[PDB]
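Novice: Below is the file target26.txt, with compact mmCIF, C-alpha atoms.
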```
# COMPACT_ATOMS: atom_id res chain seq x y z
CA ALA S 2 136.64 65.75 108.34
CA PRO S 3 133.83 68.05 107.01
CA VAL S 4 133.94 69.90 103.68
CA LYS S 5 132.67 73.49 103.19
CA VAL S 6 130.39 74.97 100.49
CA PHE S 7 130.54 78.75 100.12
CA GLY S 8 127.47 80.53 98.73
CA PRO S 9 123.76 81.12 99.12
CA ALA S 10 121.70 77.98 100.05
CA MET S 11 118.90 78.91 97.65
CA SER S 12 121.25 79.49 94.57
CA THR S 13 120.72 76.86 91.85
CA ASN S 14 124.50 76.30 91.61
CA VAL S 15 124.86 75.84 95.42
CA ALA S 16 121.81 73.55 95.61
CA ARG S 17 123.39 71.32 92.90
CA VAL S 18 126.43 70.82 95.18
CA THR S 19 124.51 70.44 98.45
CA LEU S 20 122.20 67.88 96.80
CA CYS S 21 125.27 65.79 95.74
CA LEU S 22 126.69 66.08 99.28
CA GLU S 23 123.37 64.91 100.78
CA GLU S 24 123.00 62.01 98.28
CA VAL S 25 126.45 60.63 99.23
CA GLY S 26 125.94 61.26 103.01
CA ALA S 27 128.99 63.54 103.32
CA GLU S 28 129.57 65.75 106.30
CA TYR S 29 129.53 69.40 105.19
CA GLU S 30 128.87 73.00 106.15
CA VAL S 31 127.32 75.77 104.01
CA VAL S 32 128.88 79.20 104.64
CA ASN S 33 127.15 82.39 103.46
CA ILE S 34 129.98 84.62 102.12
CA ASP S 35 129.86 88.25 100.89
CA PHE S 36 132.20 89.22 97.99
CA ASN S 37 134.38 91.25 100.54
CA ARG S 49 143.05 79.45 94.76
CA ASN S 50 139.74 80.93 93.39
CA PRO S 51 141.14 83.15 90.65
CA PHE S 52 137.78 84.40 89.12
CA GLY S 53 136.37 85.10 92.66
CA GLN S 54 133.44 82.73 91.89
CA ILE S 55 130.64 81.31 94.09
CA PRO S 56 129.96 78.56 94.84
CA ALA S 57 133.42 77.68 96.14
CA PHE S 58 134.22 74.41 97.92
CA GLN S 59 136.96 73.52 100.39
CA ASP S 60 138.12 69.97 101.26
CA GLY S 61 141.14 70.38 103.51
CA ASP S 62 143.78 72.10 101.36
CA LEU S 63 141.76 71.63 98.11
CA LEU S 64 139.76 74.66 96.89
CA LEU S 65 137.37 74.06 93.98
CA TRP S 66 134.95 76.25 92.00
CA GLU S 67 132.50 75.55 89.14
CA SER S 68 129.37 73.93 90.54
CA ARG S 69 129.47 70.90 88.13
CA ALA S 70 133.16 70.21 88.80
CA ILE S 71 132.59 70.46 92.58
CA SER S 72 129.58 68.12 92.24
CA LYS S 73 131.50 65.44 90.29
CA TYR S 74 134.31 65.61 92.85
CA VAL S 75 131.78 64.93 95.64
CA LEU S 76 130.10 62.09 93.70
CA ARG S 77 133.49 60.44 92.99
CA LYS S 78 135.10 60.99 96.43
CA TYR S 79 132.10 59.50 98.30
CA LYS S 80 131.15 56.88 95.69
CA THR S 81 129.93 53.48 97.01
CA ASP S 82 128.39 50.37 95.34
CA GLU S 83 124.92 51.60 96.53
CA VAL S 84 125.58 55.32 95.65
CA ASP S 85 127.29 55.43 92.21
CA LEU S 86 125.73 58.43 90.52
CA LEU S 87 128.29 58.90 87.63
CA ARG S 88 128.54 55.17 86.60
CA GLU S 89 132.20 55.78 85.45
CA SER S 90 132.98 51.98 85.53
CA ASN S 91 130.25 51.36 82.86
CA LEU S 92 131.20 53.16 79.60
CA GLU S 93 127.65 53.36 78.10
CA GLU S 94 125.86 54.21 81.37
CA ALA S 95 128.44 56.97 82.02
CA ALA S 96 127.82 58.21 78.42
CA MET S 97 124.08 58.53 78.99
CA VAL S 98 124.69 60.30 82.33
CA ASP S 99 126.93 62.76 80.48
CA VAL S 100 124.46 63.19 77.52
CA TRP S 101 121.53 64.10 79.80
CA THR S 102 123.75 66.31 82.03
CA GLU S 103 124.55 68.29 78.84
CA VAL S 104 120.83 68.25 77.73
CA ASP S 105 120.06 69.86 81.15
CA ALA S 106 122.72 72.61 80.61
CA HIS S 107 122.03 73.28 76.89
CA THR S 108 118.33 72.59 76.33
CA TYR S 109 116.30 72.16 79.55
CA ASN S 110 117.58 74.85 81.99
CA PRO S 111 117.41 77.49 79.14
CA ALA S 112 113.75 76.55 78.35
CA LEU S 113 112.78 76.92 82.09
CA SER S 114 114.95 79.80 83.25
CA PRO S 115 113.20 82.86 81.68
CA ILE S 116 109.74 81.52 82.74
CA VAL S 117 111.12 81.33 86.32
CA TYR S 118 112.70 84.84 86.02
CA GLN S 119 109.58 86.42 84.41
CA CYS S 120 107.16 84.83 86.88
CA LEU S 121 108.98 85.27 90.18
CA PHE S 122 110.67 88.71 89.28
CA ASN S 123 108.83 90.54 86.34
CA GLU S 138 106.45 82.91 75.88
CA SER S 139 109.26 80.24 76.11
CA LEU S 140 106.32 77.83 76.92
CA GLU S 141 106.15 76.48 73.33
CA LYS S 142 109.93 75.73 73.33
CA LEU S 143 109.57 74.06 76.80
CA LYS S 144 106.60 71.95 75.58
CA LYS S 145 108.85 70.72 72.65
CA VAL S 146 111.58 69.84 75.21
CA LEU S 147 109.03 68.09 77.51
CA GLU S 148 107.79 65.95 74.54
CA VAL S 149 111.33 64.55 74.23
CA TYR S 150 111.62 64.02 78.03
CA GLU S 151 108.19 62.27 78.02
CA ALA S 152 109.40 59.88 75.29
CA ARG S 153 112.70 59.18 77.11
CA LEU S 154 111.05 58.60 80.53
CA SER S 155 108.46 56.30 78.88
CA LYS S 156 111.34 53.91 77.97
CA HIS S 157 113.49 54.34 81.14
CA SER S 158 112.87 54.98 84.87
CA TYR S 159 115.45 57.83 84.85
CA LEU S 160 117.16 59.92 82.18
CA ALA S 161 120.38 57.84 81.89
CA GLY S 162 118.68 54.44 82.18
CA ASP S 163 116.97 52.39 84.92
CA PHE S 164 119.08 54.07 87.70
CA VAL S 165 119.14 57.54 89.28
CA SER S 166 122.20 59.57 88.33
CA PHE S 167 123.82 62.99 88.33
CA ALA S 168 121.81 63.63 85.11
CA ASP S 169 118.54 63.54 87.13
CA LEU S 170 119.98 65.46 90.12
CA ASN S 171 121.09 68.27 87.73
CA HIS S 172 117.41 68.84 86.83
CA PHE S 173 116.34 69.47 90.45
CA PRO S 174 117.28 73.11 91.25
CA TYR S 175 115.76 74.95 88.23
CA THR S 176 112.72 72.65 88.09
CA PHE S 177 112.09 73.29 91.83
CA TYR S 178 111.77 77.04 91.07
CA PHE S 179 109.63 76.32 87.98
CA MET S 180 107.26 74.39 90.29
CA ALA S 181 106.80 77.64 92.35
CA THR S 182 105.34 79.41 89.25
CA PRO S 183 101.79 79.23 87.95
CA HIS S 184 103.16 77.12 85.03
CA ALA S 185 103.85 74.17 87.45
CA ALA S 186 100.78 72.24 86.13
CA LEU S 187 102.38 72.12 82.59
CA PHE S 188 104.11 68.89 83.70
CA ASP S 189 100.65 67.26 84.09
CA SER S 190 100.50 67.16 80.20
CA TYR S 191 103.64 64.89 80.30
CA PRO S 192 102.70 62.12 82.71
CA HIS S 193 106.06 60.26 82.63
CA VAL S 194 107.90 63.55 83.28
CA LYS S 195 105.49 64.38 86.12
CA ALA S 196 106.07 60.91 87.67
CA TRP S 197 109.89 61.22 87.30
CA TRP S 198 109.75 64.66 88.94
CA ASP S 199 107.60 63.34 91.84
CA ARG S 200 110.11 60.46 92.22
CA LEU S 201 113.07 62.87 92.55
CA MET S 202 111.00 65.07 94.97
CA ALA S 203 110.45 61.99 97.21
CA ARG S 204 114.18 61.33 97.60
CA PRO S 205 115.21 62.14 101.18
CA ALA S 206 118.26 64.13 100.00
CA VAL S 207 116.08 66.20 97.62
CA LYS S 208 113.54 66.90 100.38
CA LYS S 209 116.38 68.04 102.68
CA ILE S 210 117.86 70.41 100.06
CA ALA S 211 114.42 71.74 98.97
CA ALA S 212 113.92 72.84 102.62
CA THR S 213 117.27 74.74 102.51
CA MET S 214 116.36 76.74 99.38
CA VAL S 215 115.06 79.82 101.18
CA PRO S 216 116.45 83.31 101.62
CA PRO S 217 118.55 83.78 104.82
CA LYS S 218 116.66 84.61 108.10
CA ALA C 2 84.92 90.22 104.34
CA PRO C 3 88.37 88.91 103.24
CA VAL C 4 90.05 89.75 99.92
CA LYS C 5 92.02 87.21 97.82
CA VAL C 6 95.47 87.49 96.17
CA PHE C 7 96.16 84.97 93.40
CA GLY C 8 99.79 84.04 92.71
CA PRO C 9 103.00 82.69 94.18
CA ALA C 10 103.86 84.03 97.70
CA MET C 11 107.55 84.42 96.83
CA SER C 12 106.91 86.43 93.52
CA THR C 13 108.10 90.04 93.80
CA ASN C 14 104.77 91.28 92.37
CA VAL C 15 102.71 89.19 94.87
CA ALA C 16 104.92 90.22 97.81
CA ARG C 17 104.31 93.91 96.91
CA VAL C 18 100.54 93.32 97.33
CA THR C 19 100.75 91.11 100.43
CA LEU C 20 103.06 93.67 102.09
CA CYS C 21 100.45 96.44 101.46
CA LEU C 22 97.70 94.16 102.85
CA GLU C 23 99.78 93.46 105.99
CA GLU C 24 100.68 97.16 106.50
CA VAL C 25 96.97 98.16 106.49
CA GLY C 26 95.89 95.14 108.64
CA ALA C 27 93.47 93.79 106.01
CA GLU C 28 92.04 90.32 106.16
CA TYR C 29 93.20 88.35 103.10
CA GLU C 30 94.00 84.96 101.62
CA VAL C 31 96.79 84.06 99.16
CA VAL C 32 95.74 81.40 96.63
CA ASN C 33 98.35 79.52 94.56
CA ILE C 34 96.82 79.25 91.04
CA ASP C 35 98.10 77.36 87.96
CA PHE C 36 97.46 78.97 84.51
CA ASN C 37 94.78 76.19 83.81
CA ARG C 49 87.57 90.16 84.19
CA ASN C 50 91.34 89.39 83.82
CA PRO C 51 91.69 89.80 80.06
CA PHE C 52 95.54 89.29 79.75
CA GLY C 53 95.37 86.21 82.10
CA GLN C 54 97.87 87.94 84.45
CA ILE C 55 99.14 87.05 87.96
CA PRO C 56 98.93 88.47 90.51
CA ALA C 57 95.16 88.87 90.39
CA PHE C 58 93.11 90.26 93.29
CA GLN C 59 89.45 89.77 94.21
CA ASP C 60 87.43 92.02 96.56
CA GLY C 61 83.85 90.77 96.37
CA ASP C 62 82.76 91.38 92.76
CA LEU C 63 85.87 93.50 91.95
CA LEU C 64 88.71 91.72 90.07
CA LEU C 65 91.98 93.65 89.71
CA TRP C 66 95.36 92.90 88.10
CA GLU C 67 98.64 94.86 87.85
CA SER C 68 100.52 94.58 91.14
CA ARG C 69 100.94 98.41 91.59
CA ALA C 70 97.26 99.13 90.85
CA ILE C 71 96.17 96.36 93.27
CA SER C 72 98.57 97.78 95.90
CA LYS C 73 97.25 101.36 95.62
CA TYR C 74 93.68 100.06 95.87
CA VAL C 75 94.59 98.28 99.14
CA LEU C 76 96.41 101.34 100.53
CA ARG C 77 93.43 103.62 99.70
CA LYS C 78 90.62 101.25 100.76
CA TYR C 79 92.19 100.59 104.20
CA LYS C 80 93.71 104.06 104.71
CA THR C 81 93.61 105.49 108.29
CA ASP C 82 95.15 108.59 109.96
CA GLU C 83 97.91 106.30 111.39
CA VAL C 84 98.36 104.26 108.13
CA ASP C 85 98.38 106.73 105.19
CA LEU C 86 101.01 105.35 102.86
CA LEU C 87 100.09 107.36 99.65
CA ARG C 88 99.66 110.81 101.35
CA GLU C 89 97.04 111.76 98.65
CA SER C 90 95.65 114.64 100.84
CA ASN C 91 99.10 116.36 100.78
CA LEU C 92 100.01 117.34 97.17
CA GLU C 93 103.82 117.55 97.65
CA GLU C 94 104.13 114.46 99.90
CA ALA C 95 102.05 112.47 97.37
CA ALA C 96 104.38 113.80 94.61
CA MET C 97 107.50 112.54 96.38
CA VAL C 98 105.82 109.15 97.02
CA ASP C 99 105.08 108.95 93.29
CA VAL C 100 108.62 110.14 92.25
CA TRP C 101 110.38 107.46 94.34
CA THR C 102 107.84 104.77 93.31
CA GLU C 103 108.87 105.54 89.69
CA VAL C 104 112.62 105.64 90.65
CA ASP C 105 112.10 102.08 92.05
CA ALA C 106 110.47 100.89 88.75
CA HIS C 107 112.81 102.70 86.31
CA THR C 108 116.20 102.92 88.03
CA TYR C 109 116.52 100.78 91.18
CA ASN C 110 114.80 97.44 90.38
CA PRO C 111 116.66 97.32 86.96
CA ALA C 112 120.07 97.89 88.68
CA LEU C 113 119.36 95.00 91.17
CA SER C 114 117.45 92.50 89.06
CA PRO C 115 120.22 90.98 86.85
CA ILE C 116 122.57 90.65 89.88
CA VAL C 117 119.77 88.70 91.63
CA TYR C 118 119.12 86.59 88.45
CA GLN C 119 122.85 85.93 87.78
CA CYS C 120 123.64 85.06 91.39
CA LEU C 121 120.67 82.89 92.36
CA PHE C 122 120.18 81.25 88.82
CA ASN C 123 123.40 81.51 86.60
CA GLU C 138 128.70 93.55 86.16
CA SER C 139 125.65 95.85 86.83
CA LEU C 140 127.47 96.58 90.19
CA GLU C 141 128.96 99.89 88.92
CA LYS C 142 125.48 101.11 87.77
CA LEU C 143 124.00 100.00 91.16
CA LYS C 144 126.78 101.83 93.08
CA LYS C 145 125.85 105.05 91.09
CA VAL C 146 122.17 104.50 92.07
CA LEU C 147 123.11 103.83 95.75
CA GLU C 148 125.12 107.13 95.85
CA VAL C 149 121.88 108.99 95.03
CA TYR C 150 119.89 106.94 97.60
CA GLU C 151 122.61 107.63 100.23
CA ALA C 152 122.31 111.39 99.58
CA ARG C 153 118.48 111.29 99.73
CA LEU C 154 118.35 109.19 102.94
CA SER C 155 120.96 111.50 104.56
CA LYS C 156 118.38 114.36 104.30
CA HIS C 157 115.18 112.35 105.05
CA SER C 158 114.21 109.33 107.21
CA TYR C 159 112.45 107.70 104.21
CA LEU C 160 112.47 108.21 100.45
CA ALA C 161 109.38 110.50 100.23
CA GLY C 162 110.16 112.51 103.37
CA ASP C 163 110.12 111.92 107.15
CA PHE C 164 107.34 109.24 106.85
CA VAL C 165 107.22 105.66 105.54
CA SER C 166 105.28 105.33 102.29
CA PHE C 167 104.45 103.10 99.35
CA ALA C 168 107.74 104.38 97.81
CA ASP C 169 109.73 102.55 100.54
CA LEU C 170 107.50 99.43 100.51
CA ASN C 171 108.05 99.13 96.70
CA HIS C 172 111.79 98.65 97.38
CA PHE C 173 111.28 95.63 99.67
CA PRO C 174 110.73 92.60 97.37
CA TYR C 175 113.72 92.95 94.96
CA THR C 176 116.06 94.20 97.69
CA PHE C 177 115.10 91.17 99.87
CA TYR C 178 116.37 88.85 97.08
CA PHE C 179 119.48 91.03 96.57
CA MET C 180 120.23 90.53 100.29
CA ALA C 181 120.31 86.70 99.65
CA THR C 182 123.26 87.17 97.20
CA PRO C 183 126.93 87.53 98.06
CA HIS C 184 126.61 91.23 97.04
CA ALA C 185 124.43 91.94 100.16
CA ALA C 186 127.38 93.69 101.95
CA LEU C 187 127.49 96.37 99.14
CA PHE C 188 124.91 98.33 101.19
CA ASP C 189 127.51 98.65 104.00
CA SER C 190 129.31 101.26 101.72
CA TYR C 191 126.10 103.41 101.91
CA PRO C 192 125.39 103.70 105.62
CA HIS C 193 122.14 105.71 105.33
CA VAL C 194 120.81 103.19 102.77
CA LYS C 195 121.85 100.30 105.04
CA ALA C 196 120.05 101.94 108.02
CA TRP C 197 116.89 102.62 105.93
CA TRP C 198 116.91 99.00 104.75
CA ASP C 199 117.31 97.69 108.33
CA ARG C 200 114.43 100.00 109.37
CA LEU C 201 112.09 98.53 106.71
CA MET C 202 113.25 94.97 107.67
CA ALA C 203 112.22 95.67 111.31
CA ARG C 204 108.65 96.56 110.36
CA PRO C 205 106.32 93.80 111.60
CA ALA C 206 104.49 93.65 108.24
CA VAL C 207 107.81 93.30 106.36
CA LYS C 208 108.98 90.53 108.71
CA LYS C 209 105.68 88.68 108.15
CA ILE C 210 105.92 88.92 104.33
CA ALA C 211 109.67 88.05 104.29
CA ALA C 212 108.72 84.76 106.04
CA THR C 213 106.14 84.03 103.28
CA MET C 214 108.66 84.45 100.42
CA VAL C 215 109.56 80.77 100.08
CA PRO C 216 108.75 78.16 97.47
CA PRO C 217 105.59 76.09 98.23
CA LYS C 218 105.99 73.00 100.54
```
Is it possible to give me this structure as structure tokens?

Specialist:
Amino acid sequence: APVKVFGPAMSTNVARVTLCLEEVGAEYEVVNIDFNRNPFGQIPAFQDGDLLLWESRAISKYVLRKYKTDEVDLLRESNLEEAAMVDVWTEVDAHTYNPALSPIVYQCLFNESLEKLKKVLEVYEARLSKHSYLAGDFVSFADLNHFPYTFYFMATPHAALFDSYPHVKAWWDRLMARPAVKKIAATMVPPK
Amino acid sequence: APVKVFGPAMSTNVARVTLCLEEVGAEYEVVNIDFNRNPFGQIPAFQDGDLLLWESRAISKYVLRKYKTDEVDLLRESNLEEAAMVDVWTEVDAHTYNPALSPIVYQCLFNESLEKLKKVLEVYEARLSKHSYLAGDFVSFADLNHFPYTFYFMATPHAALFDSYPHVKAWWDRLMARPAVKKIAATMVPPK
């Protein structure tokens, strides 16, 4: 039966989850809740029958595991080294990349971290020169994790910065072509 | 002839300008520029023939003055006290309201200022109990200034907070019904 995601469609943490659900072809509903089993009262929340989860990354990994197939294996947990590189780049996204983007997005879309971001992008350029995707020659949760914040960065007048890092630009365009990513990009709008 | 706004449609500072341009029925174009006459290299920028402006509030006041009519007088500059209350509430928006909203928007849509915002909303509730709009019994630039950040607040799970302040809720619904506001709300999406 269908699973439910609770939170705003355009939130970076909700988009992470909805992107995983689209990649694995799961049936799901997104429910817009107002703050008036989930002990910190956090959003996004996720229901799968009697299971209630929170923490966007934990919810995402549950989706990627539950719906895993031979053709859609985005954690690589049966290959120790591939799974390690998925985990490394998932943590680079959390600790290094999203913090380099986030204040440029905030500044620009709701009134000089550029030099820090250029240093990050140099490393990404080098990695994506050697490999198709961040964890190796396969798409993974590491790449998907980069979608939501980068999508908002691409709405700012700093979007063209990626043109100085041609392998990063090509990797970004590759993720943007994925049908699941296109579907979720379209959902990332305020409610109407 | 048409005027040009340079910047991202969904930016709060661009939406301020585009809302003014819609309210006065001006012909205009929005141009998405990348950072690669305007001495700080700021966005939004605004061109009207040979005139180049920057600073979203200055651009907005220029639009409201240039296109002013008897029926669309949103600064009230011919009435000293009305113009004063427009200015007071424009500065309340900048100094008190947008700072109470902004970190709730940031937190929620890109990972406890609620109690400060509730104190602000108490004052708004009292003001909008006495008057239809913030500056008096007429819509003004003071009200329009509240649209962009509040629109993003209304995408968060804290949207229902306004239900505790029924005059503020009704004032917000009134602005949301304005045809110009509906038009600009629809534009506040990432580029496709």

Novice: From the list C:65, C:201, C:214, C:71, which residue is nearest residue 166 in chain C when using all atoms listed in the file?

Specialist: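 Closest to residue 166 in chain C, using all atoms listed in the file: C:201.
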
Novice: Go ahead and compute the interatomic distance for CA of residue 10 in chain S and CA of residue 171 in chain C, in Å to one decimal.

Specialist: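 Between CA of residue 10 in chain S and CA of residue 171 in chain C the gap is 25.4 Å.
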
Novice: Contacts between chain C and chain S, please, where a residue of chain S counts if it comes within 6 Å (with all atoms listed in the file); show its shortest atom pair and distance in Å to one decimal, rows by chain and ascending number, as JSON lines.

Specialist:
```
{"residue": "S:12", "atom": "CA", "partner": "C:121", "partner_atom": "CA", "distance": 4.1}
{"residue": "S:13", "atom": "CA", "partner": "C:122", "partner_atom": "CA", "distance": 5.4}
{"residue": "S:34", "atom": "CA", "partner": "C:183", "partner_atom": "CA", "distance": 5.9}
{"residue": "S:35", "atom": "CA", "partner": "C:183", "partner_atom": "CA", "distance": 4.1}
{"residue": "S:36", "atom": "CA", "partner": "C:183", "partner_atom": "CA", "distance": 5.5}
{"residue": "S:121", "atom": "CA", "partner": "C:12", "partner_atom": "CA", "distance": 4.1}
{"residue": "S:122", "atom": "CA", "partner": "C:13", "partner_atom": "CA", "distance": 5.4}
{"residue": "S:181", "atom": "CA", "partner": "C:216", "partner_atom": "CA", "distance": 5.5}
{"residue": "S:183", "atom": "CA", "partner": "C:35", "partner_atom": "CA", "distance": 4.1}
{"residue": "S:184", "atom": "CA", "partner": "C:35", "partner_atom": "CA", "distance": 5.9}
{"residue": "S:215", "atom": "CA", "partner": "C:215", "partner_atom": "CA", "distance": 5.7}
{"residue": "S:216", "atom": "CA", "partner": "C:181", "partner_atom": "CA", "distance": 5.5}
```

Novice: Kindly give the distance, in Å, that separates CA of residue 108 in chain S and CA of residue 206 in chain S, rounded to a single decimal.

Specialist: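 The value is 25.1 Å.
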
Novice: Starting from the point (131.4, 58.1, 95.8), work out which residues of protein, DNA or RNA have an atom no more than 12 Å away when counting all atoms listed in the file; state them as a list in words.

Specialist: residues 21, 22, 23, 24, 25, 26, 27, 72, 73, 74, 75, 76, 77, 78, 79, 80, 81, 82, 83, 84, 85, 86, 87, 88, 89, 166 and 167 of chain S

Novice: Which residues come within 9 Å of residue 3 in chain C, counting only C-alpha atoms, excluding same-chain residues fewer than 3 positions away, as a list in words?

Specialist: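 Counting only C-alpha atoms, the residues come to residues 27, 28, 29, 30, 60 and 61 of chain C.
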
Novice: Which one is closest to residue 210 in chain S: S:107, S:17, S:5, S:193? Count only C-alpha atoms.

Specialist: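 Result for the nearest residue to residue 210 in chain S: S:17.
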
Novice: For each of S:213, S:190, S:19, S:102, take the minimum atom-to-atom distance to residue 151 in chain S, counting only C-alpha atoms, then give the residue where this is smallest.

Specialist: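 Using only C-alpha atoms, the shortest distance to residue 151 in chain S belongs to S:190.
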
Novice: Which of these residues is nearest to residue 141 in chain C, using all atoms listed in the file: C:113, C:96, C:2, C:207?

Specialist: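 With all atoms listed in the file as the atom set, the closest residue is C:113.
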
Novice: Take the point (122.9, 103.2, 96.9) as written in the file and pick out every residue within 10 Å of it, counting all atoms listed in the file; give the list as a list in words.

Specialist: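 Residues satisfying the cut-off, written out: residues 109, 142, 143, 144, 145, 146, 147, 148, 149, 150, 151, 152, 153, 154, 187, 188, 189, 190, 191, 192, 193, 194 and 195 of chain C.
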
Novice: What does the distance between CA of residue 168 in chain C and CA of residue 66 in chain C come to in Å, to one decimal place?

Specialist: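 Result for CA of residue 168 in chain C versus CA of residue 66 in chain C: 19.5 Å, one decimal.
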
Novice: List the spatial neighbours of residue 6 in chain C as an MDAnalysis selection string - criterion: any atom at most 6 Å away, all atoms listed in the file, same-chain residues fewer than 5 positions off excluded.

Specialist: chainID C and resid 31 57:58

Novice: Just need the box for range 183-188 of chain C, edges along x, y and z, holding every atom the file lists for it with 6 Å tacked onto each side, so centre and edge lengths in Å to one decimal, as JSON.

Specialist:
```
{"center_x": 126.0, "center_y": 92.9, "center_z": 99.5, "size_x": 15.1, "size_y": 22.8, "size_z": 16.9}
```

Novice: Would you kindly return, as a list in words, each protein, DNA or RNA residue with an atom no farther than 10 Å from any atom of residue 93 in chain S, considering all atoms listed in the file and excluding same-chain residues fewer than 5 positions away?

Specialist: residues 88, 98, 99, 161 and 162 of chain S

Novice: Save range 79-111 of chain C from what I just supplied, as an mmCIF file, in the first residue's frame, atoms limited to C-alpha atoms.

Specialist:
```cif
data_model
loop_
_atom_site.group_PDB
_atom_site.id
_atom_site.type_symbol
_atom_site.label_atom_id
_atom_site.label_comp_id
_atom_site.auth_asym_id
_atom_site.auth_seq_id
_atom_site.Cartn_x
_atom_site.Cartn_y
_atom_site.Cartn_z
ATOM 1 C CA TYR C 79 2.886 55.188 -12.362
ATOM 2 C CA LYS C 80 0.835 56.841 -9.591
ATOM 3 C CA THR C 81 -2.861 57.573 -10.370
ATOM 4 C CA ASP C 82 -5.836 58.790 -8.257
ATOM 5 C CA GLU C 83 -7.035 55.125 -8.042
ATOM 6 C CA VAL C 84 -3.494 53.663 -7.458
ATOM 7 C CA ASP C 85 -1.694 55.908 -4.916
ATOM 8 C CA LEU C 86 0.225 53.473 -2.754
ATOM 9 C CA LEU C 87 2.660 55.981 -1.037
ATOM 10 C CA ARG C 88 0.038 58.710 -0.199
ATOM 11 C CA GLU C 89 2.810 61.407 -0.510
ATOM 12 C CA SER C 90 0.178 64.234 -0.893
ATOM 13 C CA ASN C 91 -1.237 63.397 2.599
ATOM 14 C CA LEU C 92 1.458 64.015 5.276
ATOM 15 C CA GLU C 93 -0.012 61.721 8.002
ATOM 16 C CA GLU C 94 -1.051 58.884 5.650
ATOM 17 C CA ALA C 95 2.452 58.955 4.090
ATOM 18 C CA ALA C 96 3.901 58.851 7.659
ATOM 19 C CA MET C 97 1.947 55.713 8.545
ATOM 20 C CA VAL C 98 2.970 54.088 5.230
ATOM 21 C CA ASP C 99 6.594 54.843 6.114
ATOM 22 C CA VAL C 100 6.225 53.657 9.786
ATOM 23 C CA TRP C 101 4.822 50.246 8.788
ATOM 24 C CA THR C 102 7.327 49.894 5.893
ATOM 25 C CA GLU C 103 10.072 50.270 8.552
ATOM 26 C CA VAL C 104 8.226 47.877 10.982
ATOM 27 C CA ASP C 105 8.325 45.298 8.113
ATOM 28 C CA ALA C 106 12.127 45.799 7.626
ATOM 29 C CA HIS C 107 13.113 46.021 11.331
ATOM 30 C CA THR C 108 10.630 43.858 13.240
ATOM 31 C CA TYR C 109 8.443 41.629 11.030
ATOM 32 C CA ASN C 110 10.764 40.232 8.297
ATOM 33 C CA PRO C 111 13.423 39.387 11.010
#
```
